[PDB]
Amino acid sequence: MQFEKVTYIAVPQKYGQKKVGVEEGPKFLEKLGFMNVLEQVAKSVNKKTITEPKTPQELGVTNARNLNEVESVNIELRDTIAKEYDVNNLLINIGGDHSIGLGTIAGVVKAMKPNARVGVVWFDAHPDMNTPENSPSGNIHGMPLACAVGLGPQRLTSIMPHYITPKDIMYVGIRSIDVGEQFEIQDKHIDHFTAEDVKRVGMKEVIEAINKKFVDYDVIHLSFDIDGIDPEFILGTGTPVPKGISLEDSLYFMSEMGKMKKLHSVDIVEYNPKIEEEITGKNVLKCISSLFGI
């Protein structure tokens, strides 16, 4: 409903993938009235901008591309979130590519006591459980949730104060799954509704599954990749994938996520307005509004 404040962290990060422009997602959501949405929810908005790295993209064969830039940003992001996270208020991270999700889950973990049970809802076309060794792309944005559970290189996994586990993850709308990511989902029994599962069961039952799963957890964190949503509605994204979640289901999802007492932090990620601006931009904002119940 209403909050004393909303912490808004702009995270201009493109270095988790190859395509330019996703660093300008915060800027472009601001042009389309993001601040005015937050103005319906809190009279106070503490915006933090995470420093944009300005080194050239390395674009050749590499198993983890621009590690320095993804490291530096996730460290700064974790630290900012640790200071600003608040179970009485809402923190919203706007990306930036999904390599920030390491930084964001790291931050939430760092804010809590070590005995705190942190749940993660990961709404996405991709599980992002690749490692540098099994990654087809070397794009670190495919690796973050692997890094959070301790699978990955030392410089990323060490950003976690301690690791979360596979049993703390609820995947929603996953479809594009690599071989190494499929291994983790079957081997670790990671709860998930694929896009196809969502269609069959109905997004109502995804919510009951989220609510029943995190009953004994302290906090929930939502990492919302816009490309979990069908490309009919979301074009401004670097890796679109068909048969996604409908916009209708994404708004119902955000509506019911927003009503969870445990939910105090949200990432909105992978908006590249240089790919597509107005249609995508507006639909992202409808999802964000639904989260706040506007």
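Residue numbers here begin at 1 and follow the sequence given.
For the two regions 93 to 101 and 174 to 182, the entry's Cα B-factors average higher over 174 to 182. Higher mean CA temperature factor between 149 to 157 and 196 to 204: 196 to 204, per the PDB entry.
Looking only at 269, 260, 70, 50, the residue with the top Cα B factor in the deposited structure is 260. For residue 142, the recorded CA B-factor ranks within the lowest third of the chain. Only modelled residues enter the ranking. When the modelled residues of the chain are ordered by their C-alpha B factor, residue 60 lands in the highest third. Placement of the Cα temperature factor of residue 285 within the chain: middle third of the modelled residues, per the deposited record. When the modelled residues of the chain are ordered by C-alpha B-factor, residue 163 sits in the middle third. Annotation for residue 275: CA B-factor lies in the middle third of the chain's modelled residues.
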